[PDB]
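The structure appears right after this line, and notes come after that.
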Amino acid sequence: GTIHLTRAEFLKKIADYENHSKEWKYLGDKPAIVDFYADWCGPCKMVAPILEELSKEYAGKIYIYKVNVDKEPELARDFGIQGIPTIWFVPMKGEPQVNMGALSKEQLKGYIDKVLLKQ
Amino acid sequence: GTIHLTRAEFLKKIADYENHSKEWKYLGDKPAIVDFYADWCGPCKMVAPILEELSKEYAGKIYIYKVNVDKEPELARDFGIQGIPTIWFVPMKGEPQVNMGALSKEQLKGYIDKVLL
Ligand SMILES: [Zn+2]
Ligand SMILES: [Zn+2]
Numbered sequence: 043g044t045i046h047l048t049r050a051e052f053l054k055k056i057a058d059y060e061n062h063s064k065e066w067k068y069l070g071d072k073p074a075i076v077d078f079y080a081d082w083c084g085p086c087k088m089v090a091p092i093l094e095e096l097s098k099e100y101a102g103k104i105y106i107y108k109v110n111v112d113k114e115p116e117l118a119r120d121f122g123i124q125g126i127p128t129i130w131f132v133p134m135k136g137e138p139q140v141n142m143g144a145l146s147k148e149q150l151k152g153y154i155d156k157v158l159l160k161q
Numbered sequence: 043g044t045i046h047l048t049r050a051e052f053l054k055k056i057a058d059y060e061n062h063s064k065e066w067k068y069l070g071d072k073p074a075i076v077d078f079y080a081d082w083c084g085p086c087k088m089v090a091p092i093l094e095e096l097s098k099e100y101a102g103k104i105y106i107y108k109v110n111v112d113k114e115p116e117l118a119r120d121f122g123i124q125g126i127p128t129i130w131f132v133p134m135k136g137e138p139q140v141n142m143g144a145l146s147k148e149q150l151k152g153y154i155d156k157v158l159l
């Protein structure tokens, strides 16, 4: 005959269907920096060059990504960006570390070595 | 030097972060009809007997399930049940075809032979 179904049975017999929150999973093949910036941002200007430099000094070893929050509002919004710049240090495994505000080449490297490269 | 990212590139190279990856992964070993019904539902009354009949005529080839929306609110709610009866035809792969409103032995068999098998 016809079979009667509880939500419980439904999960086992039809579909385990709830859209469970996705766990953080980095897809890059190298550690990376993610720099959320804007053009009306002050420090971001004195920092951009410092970044370009580190992108060479650690070329081959890390990626440095920049995101213009104005050109990508959905993304910035999805990630609760507030202080500018907002800087992300993303390792090949584990949660990103997030630093609200500007940093010096020294402090940056500190995070690049200690966090991106598990030094 | 530094690489700029769009959101779409972000999804490729950083994290595919949104909850938009969920895939319908049917769990049965045979195609199935899922019938949503309720006691307050008139047309259902004449749809039930048919379904039972079809359960036999097609035994072994398909399962026919019945869900009582009154006793399973979350299920109804979660799937955006608009009215009763709603009927699902669930292939072994691919998304369920959903039809609202009652049906006929002929129409059902139609969906059962074409869509399920
Ligand atoms: Zn979003
Ligand atoms: Zn739910």
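Chains as they are written, first to last, in UniProt numbering: chain P, 43 to 161; chain Z, 43 to 159.
Ideal placement from N, C-alpha and C gives every residue a C-beta, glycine not left out.
- No heavy atom of ligand 1 is found nearer than 8 angstroms to the CB of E116/Z.
- Taking the CA atoms as reference points, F52/Z sits about 12 angstroms from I75/P.
- For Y107/P, the pairing in a beta bridge is given by DSSP as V76/P, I45/Z.
- For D58/P, the shortest C-beta to heavy atom distance toward ligand 2 is 8 angstroms or greater.
- With a threshold of 8 angstroms, the Cβ atom of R119/Z counts as near ligand 2, since some heavy atom of the ligand is closer than that.
- Below 8 angstroms, enough C-beta pairs join the segment 102-118 of chain P and the segment 59-77 of chain P to call them touching: three or more.
- When DSSP assignments are scanned along the segment 81-159 of chain P, the uninterrupted stretches of alpha helix (DSSP H) that are 4 or more residues long and fall wholly within it turn out to be 85-99, 115-120, 147-153.
- For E137/P against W66/P, the beta-carbon gap comes to about 6 angstroms, under 8 angstroms, which counts as contact.
- Comparing alpha-carbon positions, the option among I92/P, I45/P, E114/P, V157/P lying closest to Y79/Z turns out to be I45/P.
- In the structure shown, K64/Z adopts coil according to DSSP, grouped into three states.
- Going by beta carbons, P85/Z and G122/Z fall outside the 9 angstroms limit.
- DSSP, read as helix, strand or coil, puts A57/Z in coil.
- Between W130/Z and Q139/Z, the C-beta gap is smaller than 9 angstroms, which places the two residues in contact.
- Sequence-ordered contacts of the segment 51-79 of chain P with chain Z read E51, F52, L53, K54, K55, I56, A57, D58, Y59, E60, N61, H62, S63, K64, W66, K67, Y68, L69, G70, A74, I75, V76, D77 [C-beta pairs closer than 9 angstroms].
- Around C83/Z, the same chain offers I126, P127 as residues with beta carbons nearer than 8 angstroms, after the five sequence neighbours per side are excluded.
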